[PDB]
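Below: the structure, in structure tokens.
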Amino acid sequence: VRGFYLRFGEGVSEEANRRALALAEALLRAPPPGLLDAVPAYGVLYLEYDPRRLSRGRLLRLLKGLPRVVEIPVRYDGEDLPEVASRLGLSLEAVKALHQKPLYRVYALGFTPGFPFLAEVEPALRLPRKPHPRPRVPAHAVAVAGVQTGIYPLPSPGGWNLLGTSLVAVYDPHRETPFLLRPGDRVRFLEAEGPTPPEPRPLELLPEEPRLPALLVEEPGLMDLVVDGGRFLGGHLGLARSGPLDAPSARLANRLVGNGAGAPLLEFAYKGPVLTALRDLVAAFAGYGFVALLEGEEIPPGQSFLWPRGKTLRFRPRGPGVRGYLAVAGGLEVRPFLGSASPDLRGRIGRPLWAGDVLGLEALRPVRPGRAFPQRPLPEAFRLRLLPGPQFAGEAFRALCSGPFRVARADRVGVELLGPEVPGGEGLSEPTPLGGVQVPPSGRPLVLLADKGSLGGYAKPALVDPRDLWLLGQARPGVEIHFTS
């Protein structure tokens with residue numbers, strides 16, 4: 001994966017946004033092979049592409065050849081409404097009236113799936129976000145911060161000033177048109193009475209009646225996920241790439257059982273599931289952090305094996321690493337959502353496996369067991385190559401390379417680092433780059449991975465080289481990190 005940003009104007013500029021949108025829309029209408037995402041936000045367009053299939057130059061040449069009012073009923077019952085009014089010298093009714101006055105435009109979409117960033121808030125209603133965010137803003141909260149207003153589609157942390165509750169759900173993965181709002185839509189708020197819409201319900205991807213039942217989840221691990229290659233061309237809606245966090249290991253597991261590299265398989269981290277075969281299977285285990293246990297025998301990663309009906313497969317934690325993959329010959333049966341079977345847990349698309357889940361084969365594609373391929377060794381400390389990021393600063397790059405960092409926390413969203421102080425920053429939200437080293441004005445650097453949010457306002461002075469991202473798929477607390485040029 002590689003990416004670059006086109007920038008058509010700073011701040012909240014209507015014409016800059018029209019430009020970025022026109023280009024993104026034209027690409028998304030007819031995406032060239034190798035285009036992975038096209039994400040507009042304010043005056044910025046981020047393009048992500050596979051350089052093996054699409055060159056930057058070819059993509060830039062393509063760009064040269066390219067060419068609705070939504071009503072939001074709102075109950076103004078927001079927890080911050082009295083404080084907002086007081087801080088602005090306004091009556092409660094004056095706040096409500098100011099909020100409804102503009103014809104807003106959606107300048108960006110997808111801080112979480114379907115979350116609209118709307119502008120412009122009337123000057124008299126502009127006030128800063130809260131010094132400390134709430135850990136949980138409720139679904140459908142309508143909020144303001146500075147020149148922007150937004151609607152939280154799902155419960156999430158947030159520091160915007162809560163004015164009310166939307167009486168329509170802006171995001172619902174179960175309806176015909178999941179996203180009520182699109183980038184560039186115009187929006188009007190209107191005071192109304194009515195019930196609070198329900199929270200979005202998780203969308204099931206796994207079939208209820210698998211055609212070829214294969215295995216039973218007897219006990220779940222910490223977070224077992226059925227993943228494919230990832231979800232592409234969805235960043236403009238807030239949908240994460242997802243897919244496997246250690247992609248080479250996932251691809252190896254699939255290849256060992258004769259599957260395509262991106263066929264659906266199981267990813268697990270830290271603690272694995274307890275699984276029992278419902279038919280005779282050929283399966284393969286790859287990745288790190290465990291040895292598979294079957295019928296008393298240990299199976300190290302990087303090989304396929306016969307998994308007989310009624311026999312239980314377990315994963316014994318071992319060595320460095322935390323993330324394993326289990327593939328089955330034929331792949332797993334999973335329903336896609338917008339081109340992919342991969343979960344978007346932020347968007348409640350799919351879910352981790354539960355005790356009692358039955359998974360099935362996509363097709364009968366028998367292969368012999370006992371294949372093996374060598375895995376690259378996983379080092380005890382990580383040497384990560386850094387590239388300049390979109391908010392590059394020499395002093396930040398220097399700080400990042402100045403001494404060792406240590407992993408504080410690691411998951412599919414990113415890897416949080418402890419180490420030397422790195423100067424950071426914040427600005428308008430722009431599309432997040434995979435491997436972005438996010439550095440806030442105050443706080444720990446976070447390396448952004450596959451389940452990262454699509455948008456972020458914190459500075460990214462550097463990017464981890466895509467060739468080293470697989471290592472961060474195996475990060476755990478205490479691992480030493482050395483950044484290099």
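By order in the structure tokens, chains are A, B, ...; within a chain, residues start at 1; ligands start at 1, following the order shown.
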For the interface of region 437-462 of chain A with region 103-116 of chain A (cut-off 9 Å, counting only C-alpha atoms), please tabulate each contacting residue of region 437-462 of chain A alongside its nearest pair of atoms and their separation in Å to one decimal, rows sorted by chain and increasing number, as a tab-separated table.
residue	atom	partner	partner_atom	distance
A:453	CA	A:111	CA	6.1
A:454	CA	A:111	CA	6.1
A:455	CA	A:111	CA	5.2
A:456	CA	A:111	CA	7.2
Legend entry - Distance query residue 174 (chain A) at most 9 Å, only C-alpha atoms, self and fewer than 6 positions along chain excluded, as a list in words: residues 200, 201, 202 and 203 of chain A
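The nearest approach to residue 317 (chain A) among the residues A:233, A:337, A:380, A:221, with only C-alpha atoms taken into account, belongs to A:221.
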Which residues come within 7 Å of region 282-284 of chain A, counting only C-alpha atoms, excluding same-chain residues fewer than 6 positions away, as a short mmCIF file (atom, residue, chain, number, x, y, z; two decimals) with C-alpha atoms, in the first residue's frame?
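So part_10.cif came out as:
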data_model
loop_
_atom_site.label_atom_id
_atom_site.label_comp_id
_atom_site.auth_asym_id
_atom_site.auth_seq_id
_atom_site.Cartn_x
_atom_site.Cartn_y
_atom_site.Cartn_z
CA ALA A 253 -2.11 -19.89 6.02
CA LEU A 256 -0.96 -23.81 2.60
CA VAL A 257 -4.51 -25.13 2.10
CA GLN A 303 2.05 -25.90 8.24
CA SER A 304 -1.17 -27.66 7.33
CA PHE A 305 -2.66 -30.66 9.08
CA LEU A 306 -5.59 -33.06 9.10
CA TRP A 307 -8.23 -32.01 11.62
CA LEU A 326 -6.24 -20.49 11.02
CA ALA A 327 -7.22 -21.24 7.42
CA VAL A 328 -9.34 -24.13 6.16
CA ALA A 329 -9.26 -25.70 2.71
CA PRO A 369 -2.47 -32.10 4.54
#
Inset, instruction - Please identify which residues in region 193-242 of chain A DSSP calls strand (DSSP E) from the backbone, and express them as number ranges by chain. - result: A: 213-219, 225-227
Legend entry - Atomic separation - CA of residue 308 (chain A) relative to CA of residue 279 (chain A), Å: 6.6 Å
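Closest approach to residue 301 (chain A) from the set A:372, A:408, A:90, A:384 is made by A:372, with distances taken over only C-alpha atoms.
Between residue 3 (chain A) and the residues A:50, A:280, A:208, A:199, the shortest atom-to-atom distance, using only C-alpha atoms, involves A:50.
Those residues in region 128-269 of chain A carrying a DSSP assignment of helix (DSSP H, G or I), computed from the backbone, are residues 235, 236, 237, 247, 248, 249, 250, 251, 252, 253, 254, 255 and 256 of chain A.
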Would you save the residues from that selection as a CSV table (one decimal), in the first residue's frame, using C-alpha atoms?
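Contents of selection_9.csv, freshly written:
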chain,number,residue,atom,x,y,z
A,235,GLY,CA,-12.9,5.3,3.6
A,236,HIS,CA,-15.1,8.1,2.3
A,237,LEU,CA,-17.9,6.6,4.5
A,247,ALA,CA,-1.2,-10.0,6.2
A,248,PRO,CA,1.8,-12.2,5.2
A,249,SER,CA,0.9,-14.7,7.9
A,250,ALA,CA,-2.7,-14.7,6.8
A,251,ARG,CA,-1.7,-15.2,3.1
A,252,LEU,CA,0.6,-18.1,4.1
A,253,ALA,CA,-2.1,-19.9,6.0
A,254,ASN,CA,-4.5,-19.7,3.0
A,255,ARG,CA,-1.8,-20.7,0.5
A,256,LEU,CA,-1.0,-23.8,2.6
Inset, instruction - Skip residue 438 (chain A) itself and residues of its chain fewer than 5 positions away, then list as a PyMOL selection string all residues within 8 Å of it, counting only C-alpha atoms. - result: chain A and resi 424+445-448+458-462
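Excluding residue 264 (chain A) itself and any same-chain residue fewer than 4 positions from it, the protein and nucleic acid residues within 6 Å of it, counting only C-alpha atoms, are residues 227, 228, 331 and 332 of chain A.
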Inset, instruction - Please identify all polymer residues within 9 Å of region 154-167 of chain A, counting only C-alpha atoms, omitting same-chain residues fewer than 3 positions from it, and present them as a PyMOL selection string. - result: chain A and resi 72-84+95-96+99+112-115+127-145+149-151+170-171+189+192-197+199-200+346-348
Legend entry - Among the residues A:405, A:268, A:179, A:315, the one that comes closest to residue 290 (chain A) [using only C-alpha atoms]: A:315
Legend entry - Closest of A:191, A:357, A:246, A:298 to residue 219 (chain A) - atom-to-atom distances counting only C-alpha atoms: A:357
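Compared by their closest atoms to residue 319 (chain A), and using only C-alpha atoms, the residues A:46, A:344, A:20, A:476 rank with A:476 nearest.
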